[PDB]
Amino acid sequence: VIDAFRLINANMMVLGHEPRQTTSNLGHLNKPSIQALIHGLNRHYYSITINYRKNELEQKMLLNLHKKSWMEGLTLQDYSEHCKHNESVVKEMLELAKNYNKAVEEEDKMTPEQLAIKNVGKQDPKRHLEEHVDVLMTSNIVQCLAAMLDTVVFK
Amino acid sequence: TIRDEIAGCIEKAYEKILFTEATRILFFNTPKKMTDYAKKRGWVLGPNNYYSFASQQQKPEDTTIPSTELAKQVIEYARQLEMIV
Numbered sequence: 251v252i253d254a255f256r257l258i259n260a261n262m263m264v265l266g267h268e269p270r271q272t273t274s275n276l277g278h279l280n281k282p283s284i285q286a287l288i289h290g291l292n293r294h295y296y297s298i299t300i301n302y303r304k305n306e307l308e309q310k311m312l313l314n315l316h317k318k319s320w321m322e323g324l325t326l327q328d329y330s331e332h333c334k335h336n337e338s339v340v341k342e343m344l345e346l347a348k349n350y351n352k353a354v355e356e357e358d359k360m361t362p363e364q365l366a367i368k369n370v371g372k373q374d375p376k377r378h379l380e381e382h383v384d385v386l387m388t389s390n391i392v393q394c395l396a397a398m399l400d401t402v403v404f405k
Numbered sequence: 013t014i015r016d017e018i019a020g021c022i023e024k025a026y027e028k029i030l031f032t033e034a035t036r037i038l039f040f041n042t043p044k045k046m047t048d049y050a051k052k053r054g055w056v057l058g059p060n061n062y063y064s065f066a067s068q069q070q071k072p073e074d075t076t077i078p079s080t081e082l083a084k085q086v087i088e089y090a091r092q093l094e095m096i097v
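As given, the protein sequences belong to chains A and Z, one line each in that order. Position in the first sequence (from 1) plus 250 gives the number in my numbering. Position in the second sequence (from 1) plus 12 gives the number in my numbering.
Here is the structure:
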């Protein structure tokens, strides 16, 4: 993001305005160009490159601060609260997944027949198509957080 | 090799068996083999009768013992889920 600029001298318009040396960073900076308004600043102005520096120690903790933010304080609290969740209304949330698996599949079982009508994968789409990946991933989250029960509750 | 199998296969599991009734299988008259069985089995020796106490035997529950392998099986099961992944 951000940006950076520099003012070229306007009284130099009689002499050569065309440096620089080590044109590498110049080439990567002027790119992409990227519309018009951006190019309207090539005259009277020129940009200047930006690069981060580390400072990797504090950056390492700065990663772990946001990542650990999702984690709990004691780490046994919200996971055991998800174990309280592991049977809620989770049998009812699994009934939510069961309705997605009936309703999406009986209409996705007509698709193998419809492929013979259109012959074969021409546009399309419907849809009503796939979406079982998210259902399997949520069910896998359910079974893993539920597998934590035998680990936590026991000892 | 049959006679020791009388002792092994009678219990478990029978509640009780009368004296002379087991004497009908051991044959003889009043053998010392049934005394040696009163040692080997142990098990119980009762008056004019016998007993499988106690009780039938050892009373497996097994309570929290199988919960360890019930957690353990799910450990490697989840590992198979992660191998997909």
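Even for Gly, the Cβ is constructed at its ideal location relative to N, Cα and C.
Report task. With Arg256(A) as the anchor, note down where its beta strand (DSSP E) starts and where it stops. Result -> One-based indexing of the first sequence puts residue 256(A) at position 6. Element bounds for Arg256(A): 255-257.
Query raised in the report: So with Cβ pairs under 9 Å, would you call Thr76(Z) a contact of chain A?
Result: As a first step, residue 76(Z) is located in the second sequence; it is residue number 64 there, counting from the start. Yes, its Cβ sits closer than 9 Å to a Cβ of chain A.
Query raised in the report: If you draw a straight line from the C-alpha of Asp74(Z) to the C-alpha of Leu82(Z), how long is it?
Result: Locating residue 74(Z) in the second sequence gives position 62, where the first residue counts as 1. Locating residue 82(Z) in the second sequence gives position 70, where the first residue counts as 1. The alpha-carbon atoms of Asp74(Z) and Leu82(Z) are separated by roughly 12 Å.
Requested in this report: Could you work out which residues of chain A lie near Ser79(Z), taking near to mean beta carbons separated by less than 7 Å?
Outcome: Residue mapping note: residue 79(Z) aligns to position 67 of the second sequence, counting from 1. The answer, in chain order, is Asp400, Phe404.
Requested in this report: State the DSSP-derived secondary structure class of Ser297(A), mapped to helix, strand or coil.
Outcome: Position 47 of the first sequence, counted from the start, is the residue given in the question as residue 297(A). In the structure shown, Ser297(A) sits in a strand (DSSP, three-state: E or B).
Query raised in the report: Just to confirm, are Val340(A) and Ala396(A) a CB contact at a threshold of 9 Å?
Result: Stepping through the first sequence from its first residue, residue 340(A) is reached at position 90. Stepping through the first sequence from its first residue, residue 396(A) is reached at position 146. Yes, Cβ-Cβ distance for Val340(A) and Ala396(A) is below 9 Å.
Query raised in the report: Considering only the beta carbon of each residue, do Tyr350(A) and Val402(A) sit closer than 9 Å?
Result: By one-based count along the first sequence, residue 350(A) stands at place 100. By one-based count along the first sequence, residue 402(A) stands at place 152. Not a contact, by the Cβ cut-off of 9 Å.
Query raised in the report: By the criterion of Cβ-Cβ separation under 8 Å, what are the contact partners of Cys394(A) in chain Z?
Result: Within the first sequence, residue 394(A) is the residue found at index 144, counting from 1. What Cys394(A) touches in chain Z: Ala90, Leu93.
Report task. Please list the partners that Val86(Z) has in chain A, where partner means a Cβ-to-Cβ separation under 7 Å. Result -> Your numbering for residue 86(Z) matches position 74 in the second sequence. Within chain A, the residues near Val86(Z) are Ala397, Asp400.
Query raised in the report: At a cut of 8 Å, does the region 28-38 of chain Z reach the region 56-67 of chain Z through at least three beta carbon pairs?
Result: yes
Query raised in the report: Taking any Cβ of chain A, which residues in the region 37-57 of chain Z have a Cβ under 7 Å from it, in chain order?
Result: none
Query raised in the report: Below 9 Å between beta carbons: does that hold for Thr299(A) and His278(A)?
Result: Along the first sequence, read from residue 1 onward, the residue named residue 299(A) stands at position 49. Along the first sequence, read from residue 1 onward, the residue named residue 278(A) stands at position 28. Yes; because the gap between Cβ atoms is below 9 Å, this pair is in contact.
Query raised in the report: By a C-beta neighbour count over all protein chains shown, 10 Å radius and 16 as the cutoff for buried, is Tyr302(A) buried or exposed?
Result: In the first sequence, residue 302(A) corresponds to position 52, counting from 1. Label assigned to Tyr302(A): exposed.
**Report entry** Neighbour-count burial assignment, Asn336(A), 16 or more Cβ in a 10 Å radius
**Finding:** Counting from one through the first sequence, the residue named residue 336(A) turns up at place 86. Buried, by the Cβ-count rule.
Query raised in the report: In whole angstroms, what separates the C-alpha of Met387(A) from that of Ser330(A)?
Result: Working through the first sequence from its first residue, we reach residue 387(A) at position 137. Working through the first sequence from its first residue, we reach residue 330(A) at position 80. In a straight line, the C-alpha of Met387(A) is about 21 Å away from that of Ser330(A).
**Report entry** Buried versus exposed, by CB contacts within 10 Å (16 or more), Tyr49(Z)
**Finding:** Within the second sequence, numbered from 1, the residue matching residue 49(Z) stands at position 37. Buried, because 16 or more other Cβ atoms sit within 10 Å of the Cβ of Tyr49(Z).
Requested in this report: Anything in chain Z within Cβ reach of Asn390(A), meaning under 7 Å, just list it in chain order.
Outcome: Stepping through the first sequence from its first residue, residue 390(A) is reached at position 140. Under the 7 Å cutoff, chain Z gives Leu93.
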